[PDB]
Structure formats: C-alpha cells, structure tokens
file run-v3.json (JSON, C-alpha atoms)
[["chain", "number", "residue", "atom", "x", "y", "z"],
["A", 1, "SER", "CA", 26.58, -44.84, 84.00],
["A", 2, "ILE", "CA", 26.67, -41.03, 84.31],
["A", 3, "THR", "CA", 30.14, -40.90, 82.78],
["A", 4, "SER", "CA", 28.97, -43.02, 79.86],
["A", 5, "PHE", "CA", 26.03, -40.70, 79.13],
["A", 6, "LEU", "CA", 28.08, -37.53, 79.35],
["A", 7, "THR", "CA", 30.90, -38.82, 77.15],
["A", 8, "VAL", "CA", 28.53, -40.18, 74.49],
["A", 9, "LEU", "CA", 26.51, -36.94, 74.46],
["A", 10, "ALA", "CA", 29.63, -34.77, 74.26],
["A", 11, "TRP", "CA", 31.09, -36.93, 71.50],
["A", 12, "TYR", "CA", 27.88, -37.20, 69.46],
["A", 13, "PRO", "CA", 27.29, -34.18, 67.19],
["A", 14, "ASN", "CA", 24.00, -32.83, 65.79],
["A", 15, "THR", "CA", 21.82, -33.62, 68.79],
["A", 16, "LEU", "CA", 18.27, -32.41, 68.06],
["A", 17, "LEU", "CA", 16.52, -29.78, 70.16],
["A", 18, "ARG", "CA", 13.68, -32.10, 71.14],
["A", 19, "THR", "CA", 16.31, -34.60, 72.24],
["A", 20, "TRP", "CA", 18.01, -31.65, 73.94],
["A", 21, "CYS", "CA", 14.95, -30.98, 76.10],
["A", 22, "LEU", "CA", 14.58, -34.70, 76.81],
["A", 23, "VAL", "CA", 18.23, -34.79, 77.87],
["A", 24, "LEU", "CA", 17.79, -31.72, 80.07],
["A", 25, "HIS", "CA", 14.72, -33.23, 81.72],
["A", 26, "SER", "CA", 16.58, -36.47, 82.40],
["A", 27, "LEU", "CA", 19.55, -34.57, 83.80],
["A", 28, "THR", "CA", 17.32, -32.79, 86.30],
["A", 29, "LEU", "CA", 15.83, -36.14, 87.21],
["A", 30, "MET", "CA", 19.22, -37.85, 87.66],
["A", 31, "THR", "CA", 20.72, -34.91, 89.61],
["A", 32, "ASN", "CA", 17.87, -35.37, 92.08],
["A", 33, "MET", "CA", 19.54, -38.78, 92.78],
["A", 34, "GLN", "CA", 22.33, -39.40, 95.27],
["A", 35, "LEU", "CA", 25.14, -41.92, 94.80],
["A", 36, "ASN", "CA", 26.50, -44.71, 96.98],
["A", 37, "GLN", "CA", 30.28, -39.56, 99.53],
["A", 38, "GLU", "CA", 30.88, -36.53, 97.32],
["A", 39, "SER", "CA", 27.76, -34.98, 95.84],
["A", 40, "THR", "CA", 26.62, -35.75, 92.33],
["A", 41, "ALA", "CA", 26.50, -32.06, 91.46],
["A", 42, "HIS", "CA", 30.21, -31.73, 92.21],
["A", 43, "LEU", "CA", 30.97, -34.78, 90.07],
["A", 44, "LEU", "CA", 28.86, -33.54, 87.15],
["A", 45, "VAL", "CA", 30.36, -30.06, 87.30],
["A", 46, "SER", "CA", 33.98, -31.24, 87.67],
["A", 47, "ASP", "CA", 34.48, -32.82, 84.25],
["A", 48, "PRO", "CA", 34.82, -30.60, 81.14],
["A", 49, "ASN", "CA", 32.34, -32.59, 79.03],
["A", 50, "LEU", "CA", 29.62, -30.57, 80.75],
["A", 51, "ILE", "CA", 31.24, -27.49, 79.19],
["A", 52, "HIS", "CA", 31.12, -29.17, 75.78],
["A", 53, "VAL", "CA", 27.47, -30.19, 76.02],
["A", 54, "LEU", "CA", 26.43, -26.74, 77.26],
["A", 55, "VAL", "CA", 28.41, -25.13, 74.43],
["A", 56, "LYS", "CA", 26.60, -27.32, 71.92],
["A", 57, "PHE", "CA", 23.26, -26.59, 73.58],
["A", 58, "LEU", "CA", 23.70, -22.84, 73.73],
["A", 59, "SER", "CA", 25.29, -22.49, 70.33],
["A", 60, "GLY", "CA", 22.12, -23.67, 68.57],
["A", 61, "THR", "CA", 23.94, -24.43, 65.32],
["A", 62, "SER", "CA", 21.34, -26.85, 63.83],
["A", 63, "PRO", "CA", 23.47, -27.88, 60.80],
["A", 64, "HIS", "CA", 20.47, -29.52, 59.09],
["A", 65, "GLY", "CA", 18.23, -26.53, 59.62],
["A", 66, "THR", "CA", 16.49, -25.51, 56.43],
["A", 67, "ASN", "CA", 14.49, -23.10, 58.64],
["A", 68, "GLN", "CA", 17.17, -21.31, 60.67],
["A", 69, "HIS", "CA", 14.89, -18.30, 61.20],
["A", 70, "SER", "CA", 14.59, -18.15, 65.00],
["A", 71, "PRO", "CA", 17.12, -20.19, 67.03],
["A", 72, "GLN", "CA", 14.86, -19.86, 70.08],
["A", 73, "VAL", "CA", 14.34, -23.11, 71.97],
["A", 74, "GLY", "CA", 10.88, -22.24, 73.24],
["A", 75, "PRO", "CA", 9.67, -21.41, 76.75],
["A", 76, "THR", "CA", 9.62, -25.07, 77.81],
["A", 77, "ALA", "CA", 13.36, -25.48, 77.29],
["A", 78, "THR", "CA", 14.11, -22.17, 79.02],
["A", 79, "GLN", "CA", 12.07, -23.12, 82.07],
["A", 80, "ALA", "CA", 13.69, -26.56, 82.15],
["A", 81, "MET", "CA", 17.20, -25.10, 82.04],
["A", 82, "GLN", "CA", 16.32, -22.50, 84.68],
["A", 83, "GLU", "CA", 15.02, -25.09, 87.13],
["A", 84, "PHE", "CA", 18.03, -27.30, 86.37],
["A", 85, "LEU", "CA", 20.49, -24.49, 87.12],
["A", 86, "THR", "CA", 18.52, -23.65, 90.26],
["A", 87, "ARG", "CA", 18.95, -27.27, 91.33],
["B", 1, "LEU", "CA", 41.21, -13.74, 36.79],
["B", 2, "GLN", "CA", 40.68, -16.93, 34.81],
["B", 3, "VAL", "CA", 40.86, -15.28, 31.40],
["B", 4, "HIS", "CA", 43.97, -13.37, 32.35],
["B", 5, "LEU", "CA", 46.11, -16.15, 33.84],
["B", 6, "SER", "CA", 44.72, -19.21, 32.00],
["B", 7, "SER", "CA", 47.38, -18.63, 29.34],
["B", 8, "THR", "CA", 50.20, -18.89, 31.90],
["B", 9, "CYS", "CA", 49.15, -21.17, 34.78],
["B", 10, "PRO", "CA", 45.56, -22.12, 35.68],
["B", 11, "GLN", "CA", 46.82, -25.04, 37.82],
["B", 12, "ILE", "CA", 48.08, -22.93, 40.73],
["B", 13, "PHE", "CA", 44.78, -21.00, 40.80],
["B", 14, "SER", "CA", 42.93, -24.31, 40.78],
["B", 15, "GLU", "CA", 44.95, -25.30, 43.83],
["B", 16, "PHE", "CA", 44.05, -22.01, 45.53],
["B", 17, "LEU", "CA", 40.34, -22.41, 44.78],
["B", 18, "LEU", "CA", 40.39, -25.94, 46.18],
["B", 19, "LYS", "CA", 42.12, -24.56, 49.28],
["B", 20, "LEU", "CA", 39.23, -22.09, 49.63],
["B", 21, "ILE", "CA", 36.75, -24.95, 49.25],
["B", 22, "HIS", "CA", 38.55, -26.95, 51.93],
["B", 23, "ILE", "CA", 38.67, -24.06, 54.42],
["B", 24, "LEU", "CA", 35.01, -23.20, 53.81],
["B", 25, "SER", "CA", 33.98, -26.78, 54.54],
["B", 26, "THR", "CA", 36.45, -27.64, 57.31],
["B", 27, "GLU", "CA", 35.71, -27.99, 61.03],
["B", 28, "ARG", "CA", 33.49, -25.11, 62.23],
["B", 29, "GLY", "CA", 33.23, -23.80, 58.68],
["B", 30, "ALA", "CA", 30.62, -21.49, 57.22],
["B", 31, "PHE", "CA", 29.07, -24.00, 54.81],
["B", 32, "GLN", "CA", 28.14, -26.57, 57.45],
["B", 33, "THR", "CA", 26.51, -24.05, 59.82],
["B", 34, "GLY", "CA", 24.58, -22.62, 56.84],
["B", 35, "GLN", "CA", 25.55, -18.97, 57.18],
["B", 36, "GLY", "CA", 26.94, -16.83, 54.39],
["B", 37, "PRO", "CA", 25.62, -15.82, 50.97],
["B", 38, "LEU", "CA", 23.91, -18.82, 49.38],
["B", 39, "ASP", "CA", 23.67, -17.20, 45.94],
["B", 40, "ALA", "CA", 27.37, -16.32, 45.96],
["B", 41, "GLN", "CA", 28.21, -19.89, 46.94],
["B", 42, "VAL", "CA", 26.16, -21.45, 44.16],
["B", 43, "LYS", "CA", 27.60, -18.98, 41.62],
["B", 44, "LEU", "CA", 31.20, -19.66, 42.65],
["B", 45, "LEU", "CA", 30.69, -23.42, 42.65],
["B", 46, "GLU", "CA", 28.99, -23.46, 39.24],
["B", 47, "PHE", "CA", 31.77, -21.26, 37.84],
["B", 48, "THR", "CA", 34.27, -23.68, 39.41],
["B", 49, "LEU", "CA", 32.61, -26.57, 37.54],
["B", 50, "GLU", "CA", 33.74, -25.14, 34.20],
["B", 51, "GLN", "CA", 37.42, -25.00, 35.13],
["B", 52, "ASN", "CA", 39.95, -27.59, 33.96],
["B", 53, "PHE", "CA", 41.87, -29.44, 36.65],
["B", 54, "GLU", "CA", 44.54, -31.29, 34.66],
["B", 55, "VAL", "CA", 47.72, -30.96, 36.75],
["B", 56, "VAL", "CA", 46.30, -30.35, 40.22],
["B", 57, "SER", "CA", 48.22, -31.96, 43.08],
["B", 58, "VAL", "CA", 46.77, -35.21, 44.42],
["B", 59, "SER", "CA", 47.06, -34.19, 48.08],
["B", 60, "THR", "CA", 44.74, -31.19, 47.91],
["B", 61, "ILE", "CA", 42.09, -32.97, 45.82],
["B", 62, "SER", "CA", 42.15, -35.88, 48.28],
["B", 63, "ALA", "CA", 41.83, -33.47, 51.21],
["B", 64, "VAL", "CA", 38.90, -31.60, 49.71],
["B", 65, "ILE", "CA", 37.02, -34.76, 48.67],
["B", 66, "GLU", "CA", 37.40, -36.36, 52.12],
["B", 67, "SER", "CA", 36.29, -33.14, 53.84],
["B", 68, "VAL", "CA", 33.22, -32.63, 51.66],
["B", 69, "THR", "CA", 32.20, -36.30, 51.91],
["B", 70, "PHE", "CA", 32.43, -36.24, 55.70],
["B", 71, "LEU", "CA", 30.45, -33.01, 55.91],
["B", 72, "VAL", "CA", 27.68, -34.10, 53.54],
["B", 73, "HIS", "CA", 27.39, -37.55, 55.13],
["B", 74, "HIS", "CA", 27.01, -36.02, 58.58],
["B", 75, "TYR", "CA", 24.46, -33.64, 57.09],
["B", 76, "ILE", "CA", 22.32, -36.29, 55.37],
["B", 77, "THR", "CA", 22.38, -38.83, 58.21],
["B", 78, "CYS", "CA", 21.54, -36.16, 60.80],
["B", 79, "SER", "CA", 18.93, -34.44, 58.59],
["B", 80, "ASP", "CA", 16.02, -32.46, 60.01],
["B", 81, "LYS", "CA", 12.92, -34.02, 61.60],
["B", 82, "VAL", "CA", 10.36, -31.71, 59.93],
["B", 83, "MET", "CA", 9.93, -30.16, 56.46],
["B", 84, "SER", "CA", 7.57, -27.32, 55.52],
["B", 85, "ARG", "CA", 6.15, -26.62, 52.06],
["B", 86, "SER", "CA", 4.53, -23.40, 50.79]]
call {"tool": "encode", "arguments": {"input": "run-v3.json", "output": "structure tokens"}}
result
Amino acid sequence: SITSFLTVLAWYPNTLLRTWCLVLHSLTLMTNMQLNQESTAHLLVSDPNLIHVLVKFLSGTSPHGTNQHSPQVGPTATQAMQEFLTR
Amino acid sequence: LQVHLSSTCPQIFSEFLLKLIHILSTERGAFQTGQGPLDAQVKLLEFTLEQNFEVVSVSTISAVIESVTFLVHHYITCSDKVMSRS
C-alpha cells in the first residue's frame, strides 16, 4: 500500500499545495504506524521516490499559478513538515 | 533578420524559430513554469504568426505541435483552484 502511494504521488505531476499538506499530514499519520521487522522509516527513506516527492514539494513550481507572487506554503505546512522530519 | 534573409532562405530560419519554440516548451522549460518576460513572449509569438512556413521539415513541426499540445493539456487539466478578480 505504501509503495503504491509513493509511486503514484511521484509519478503524478502538478499536485496542489492543499493536497500537499493533506499528503504530509497523512504521511505523519502513517509513519506513526508499524508494519508486520525493519522500521517503516527505513523503508520510506530507502527508495528514491521520496527524493522526487520532496523535490516537487520544495520546488513550488505551481505551473497553473496565475498568482505566483509568494511561493510560501504558509505556517501550517512548515509546522507539519517540521514535526514530520522530527518524527 | 526576416527582411534581410527572406529573399534567400526564410525556411531555415523558420526551422530555427521552431527549434526555439520547442526548447522553450520542453521538459522543465521556462514557459511551463511561467518565468521569463511575458511581453517579449507574446511579441515574438505574434511576430511568428506572420511568417510563411511553406517548406518547413515535417519532423520539427510534428515535434513542436506534440510538445505544445502536451504542455497545454497538462496546464488546462491541472488548472488552479482559485481565481481572483480586481
């Protein structure tokens, strides 16, 4: 299931920022889970699709953005990513 | 440029300009991400409209049309979720 989400997210381009925060929230929630014995954090970090999603997230391209004034994601997204990385 | 070489060979220049169009709309190009001078882009494209493309090679026209169609389709389908008026 985790592999399916990561590959479809990495493959899919133009993922909205609101969807980006939803995704980040869900990733924190899923990382809190264990699997049934290598850790899930090691599995999620190991594959390069995490690189691709983070590159998309942090590049903030927004190719449909008629209002590309401030690429800032807002304090909510920053706090979500900070807690995620802390986890 | 056009008025000086139109007498000899506009076709090769047409092929160059289409190459520029293809590279500016290719993967990770400027046009998709929206950066670059918008006014310059509209002026170049409108000037391009007036050119004659009689003996342009089929391969480069096919390449540019596929590239622009893919880019614009991905732009329209994945359009923005808000729109602000003045």
call {"tool": "closest_atom_pairs", "arguments": {"input": "run-v3.json", "of": "chain A", "to": "chain B", "cutoff": "9 Å", "atoms": "only C-alpha atoms", "output": "Markdown table"}}
result
| residue | atom | partner | partner_atom | distance |
| --- | --- | --- | --- | --- |
| A:13 | CA | B:74 | CA | 8.8 |
| A:14 | CA | B:78 | CA | 6.5 |
| A:15 | CA | B:78 | CA | 8.4 |
| A:16 | CA | B:80 | CA | 8.4 |
| A:61 | CA | B:33 | CA | 6.1 |
| A:62 | CA | B:33 | CA | 7.1 |
| A:63 | CA | B:33 | CA | 5.0 |
| A:64 | CA | B:79 | CA | 5.2 |
| A:65 | CA | B:80 | CA | 6.3 |
| A:66 | CA | B:80 | CA | 7.8 |
| A:67 | CA | B:83 | CA | 8.7 |
| A:68 | CA | B:34 | CA | 8.4 |
call {"tool": "residues_around", "arguments": {"input": "run-v3.json", "residues": "residue 45 in chain B", "least_positions_apart": "3", "cutoff": "12 Å", "atoms": "all atoms listed in the file", "output": "list in words"}}
result
residues 17, 18, 20, 21, 24, 38, 39, 40, 41, 42, 48, 49, 50 and 51 of chain B
call {"tool": "write_last_selection", "arguments": {"input": "run-v3.json", "atoms": "C-alpha atoms", "output": "JSON list (two decimals), in the coordinates of the input"}}
result
[["chain", "number", "residue", "atom", "x", "y", "z"],
["B", 17, "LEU", "CA", 40.34, -22.41, 44.78],
["B", 18, "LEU", "CA", 40.39, -25.94, 46.18],
["B", 20, "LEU", "CA", 39.23, -22.09, 49.63],
["B", 21, "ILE", "CA", 36.75, -24.95, 49.25],
["B", 24, "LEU", "CA", 35.01, -23.20, 53.81],
["B", 38, "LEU", "CA", 23.91, -18.82, 49.38],
["B", 39, "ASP", "CA", 23.67, -17.20, 45.94],
["B", 40, "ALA", "CA", 27.37, -16.32, 45.96],
["B", 41, "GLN", "CA", 28.21, -19.89, 46.94],
["B", 42, "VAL", "CA", 26.16, -21.45, 44.16],
["B", 48, "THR", "CA", 34.27, -23.68, 39.41],
["B", 49, "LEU", "CA", 32.61, -26.57, 37.54],
["B", 50, "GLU", "CA", 33.74, -25.14, 34.20],
["B", 51, "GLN", "CA", 37.42, -25.00, 35.13]]
call {"tool": "closest_residue", "arguments": {"input": "run-v3.json", "among": "A:2, A:44, A:23, A:35", "to": "residue 80 in chain A", "atoms": "only C-alpha atoms"}}
result
A:23
call {"tool": "atom_distance", "arguments": {"input": "run-v3.json", "atom1": "CA of residue 63 in chain B", "atom2": "CA of residue 26 in chain B"}}
result
10.0 Å
call {"tool": "atom_distance", "arguments": {"input": "run-v3.json", "atom1": "CA of residue 43 in chain A", "atom2": "CA of residue 76 in chain A"}}
result
26.5 Å
call {"tool": "atom_distance", "arguments": {"input": "run-v3.json", "atom1": "CA of residue 60 in chain A", "atom2": "CA of residue 31 in chain A"}}
result
23.9 Å
call {"tool": "residues_around", "arguments": {"input": "run-v3.json", "residues": "range 56-58 of chain A", "least_positions_apart": "3", "cutoff": "12 Å", "atoms": "only C-alpha atoms", "output": "ChimeraX atom specification"}}
result
/A:9-21,23-24,49-53,61-63,71-73,77-78,81
call {"tool": "residues_around", "arguments": {"input": "run-v3.json", "residues": "residue 29 in chain A", "least_positions_apart": "2", "cutoff": "12 Å", "atoms": "all atoms listed in the file", "output": "list in words"}}
result
residues 22, 23, 24, 25, 26, 27, 31, 32, 33, 34, 40, 80, 83, 84 and 87 of chain A
call {"tool": "build_atoms", "arguments": {"input": "run-v3.json", "residues": "range 31-63 of chain A", "atoms": "N, CA and C atoms", "output": "compact mmCIF listing (two decimals), keeping the file's coordinate frame"}}
result
# COMPACT_ATOMS: atom_id res chain seq x y z
N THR A 31 20.09 -35.73 88.57
CA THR A 31 20.72 -34.91 89.61
C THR A 31 19.94 -34.98 90.91
N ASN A 32 18.61 -35.19 90.84
CA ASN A 32 17.87 -35.37 92.08
C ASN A 32 18.38 -36.60 92.86
N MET A 33 18.88 -37.62 92.16
CA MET A 33 19.54 -38.78 92.78
C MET A 33 20.87 -38.49 93.46
N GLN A 34 21.11 -39.28 94.50
CA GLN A 34 22.33 -39.40 95.27
C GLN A 34 23.05 -40.69 94.86
N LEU A 35 24.33 -40.78 95.19
CA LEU A 35 25.14 -41.92 94.80
C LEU A 35 25.76 -42.59 96.02
N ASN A 36 25.92 -43.90 95.92
CA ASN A 36 26.50 -44.71 96.98
C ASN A 36 27.65 -45.54 96.44
N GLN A 37 31.70 -39.88 99.68
CA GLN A 37 30.28 -39.56 99.53
C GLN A 37 30.10 -38.16 98.95
N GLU A 38 30.93 -37.84 97.96
CA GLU A 38 30.88 -36.53 97.32
C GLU A 38 29.58 -36.41 96.53
N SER A 39 29.05 -35.19 96.47
CA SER A 39 27.76 -34.98 95.84
C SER A 39 27.83 -35.20 94.34
N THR A 40 26.67 -35.50 93.76
CA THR A 40 26.62 -35.75 92.33
C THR A 40 26.77 -34.46 91.55
N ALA A 41 26.35 -33.34 92.13
CA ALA A 41 26.50 -32.06 91.46
C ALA A 41 27.97 -31.70 91.28
N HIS A 42 28.78 -31.97 92.31
CA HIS A 42 30.21 -31.73 92.21
C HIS A 42 30.86 -32.61 91.15
N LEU A 43 30.45 -33.88 91.09
CA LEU A 43 30.97 -34.78 90.07
C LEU A 43 30.58 -34.33 88.66
N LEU A 44 29.32 -33.95 88.47
CA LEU A 44 28.86 -33.54 87.15
C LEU A 44 29.52 -32.23 86.72
N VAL A 45 29.75 -31.32 87.67
CA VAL A 45 30.36 -30.06 87.30
C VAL A 45 31.84 -30.24 87.01
N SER A 46 32.52 -31.17 87.70
CA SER A 46 33.98 -31.24 87.67
C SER A 46 34.54 -31.51 86.28
N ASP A 47 33.95 -32.43 85.55
CA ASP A 47 34.48 -32.82 84.25
C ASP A 47 34.16 -31.77 83.18
N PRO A 48 35.04 -31.61 82.18
CA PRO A 48 34.82 -30.60 81.14
C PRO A 48 33.80 -30.97 80.08
N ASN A 49 33.34 -32.23 80.03
CA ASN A 49 32.34 -32.59 79.03
C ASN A 49 31.03 -31.85 79.25
N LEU A 50 30.77 -31.42 80.49
CA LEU A 50 29.62 -30.57 80.75
C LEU A 50 29.76 -29.23 80.04
N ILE A 51 30.98 -28.68 80.00
CA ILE A 51 31.24 -27.49 79.19
C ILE A 51 30.89 -27.75 77.74
N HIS A 52 31.34 -28.88 77.20
CA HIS A 52 31.12 -29.17 75.78
C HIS A 52 29.65 -29.32 75.44
N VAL A 53 28.90 -30.02 76.29
CA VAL A 53 27.47 -30.19 76.02
C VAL A 53 26.75 -28.85 76.13
N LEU A 54 27.07 -28.04 77.14
CA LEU A 54 26.43 -26.74 77.26
C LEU A 54 26.79 -25.83 76.10
N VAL A 55 28.02 -25.92 75.59
CA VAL A 55 28.41 -25.13 74.43
C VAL A 55 27.60 -25.53 73.21
N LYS A 56 27.43 -26.84 73.02
CA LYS A 56 26.60 -27.32 71.92
C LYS A 56 25.16 -26.86 72.08
N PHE A 57 24.64 -26.95 73.30
CA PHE A 57 23.26 -26.59 73.58
C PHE A 57 23.00 -25.12 73.32
N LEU A 58 23.89 -24.27 73.81
CA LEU A 58 23.70 -22.84 73.73
C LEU A 58 24.18 -22.26 72.42
N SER A 59 24.88 -23.04 71.61
CA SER A 59 25.29 -22.49 70.33
C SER A 59 24.20 -22.58 69.29
N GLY A 60 23.31 -23.56 69.41
CA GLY A 60 22.12 -23.67 68.57
C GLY A 60 22.44 -23.68 67.09
N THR A 61 23.48 -24.43 66.71
CA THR A 61 23.94 -24.43 65.32
C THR A 61 22.90 -24.96 64.35
N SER A 62 22.31 -26.13 64.66
CA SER A 62 21.34 -26.85 63.83
C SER A 62 21.84 -27.01 62.40
N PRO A 63 22.85 -27.84 62.15
CA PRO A 63 23.47 -27.88 60.80
C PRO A 63 22.58 -28.47 59.72
